[PDB]
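A.B. asks: all I have is the shape, not the residue letters:
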């Protein structure tokens, strides 16, 4: 009872019900995490992920759910994971999970989504290299460590 859900952008009231209730669960990976994995295998694209989507589940633990209300922000993560995962299964959920938590602005987390764009042509060949100069502007634009990641784990 937790797999593909023709979500493509729309799921159970989990957005307003599971996030607003988060004020007593803190476990975002529980419902929303089991959801991300629903996408990792439904990517329908031609690559699939596993270690990348799992990483996103951790983001859920820190997802925007921190507020415990913006239901539109919750579906924002699964909605993008289900519809956006048809290209960069591993890279798609890797940066997207960033704009949900980051959001501090909007174009910074999306900027990474742009290099991921090169992955659209390289769903598994490019990306993970600009993330270094990107975190520099991301950590500063949002407020994290001024450059110091570069995925490539």
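C.D. replies: Now that the structure is in, tell me what you want to look at. Numbering: from 1, shown residues only.
A.B. asks: residue 3: helix or strand, and which one exactly?
C.D. replies: Counting by DSSP states H and E, no helix or strand carries residue 3.
A.B. asks: oh, I was asking about residue 9
C.D. replies: Using DSSP H and E, no helix or strand contains residue 9.
A.B. asks: centroid-nearest residue for this structure?
C.D. replies: residue 97 (2.2 Å; C-alpha atoms, centre = their mean).
A.B. asks: how about the nearest residue to that residue, chain neighbours excluded?
C.D. replies: In space, and not counting its chain neighbours, residue 97 is closest to residue 59: 3.6 Å by C-beta to C-beta, 6 or more residues apart in numbering. Where C-beta positions appear, they are placed from N, C-alpha and C, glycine not excepted.
A.B. asks: tell me the secondary structure at that neighbour.
C.D. replies: Following DSSP: H, G, I helix; E, B strand; the rest coil, residue 59 is assigned to helix.
A.B. asks: what is the neighbour count of it?
C.D. replies: By other C-beta atoms under 10 Å, 23 other residues sit near residue 59.
A.B. asks: look up phi and psi at the closest residue to residue 16 other than its chain neighbours.
C.D. replies: With sequence-adjacent residues excluded and distances taken as C-beta to C-beta, 6+ apart, residue 16 is closest to residue 71, at 3.5 Å. Note on residue 71: its backbone torsions stand at phi -60, psi -30 [degrees, to the nearest 10].
A.B. asks: burial count for residue 71?
C.D. replies: Residue 71, neighbours per other C-beta under 10 Å, totals 16.
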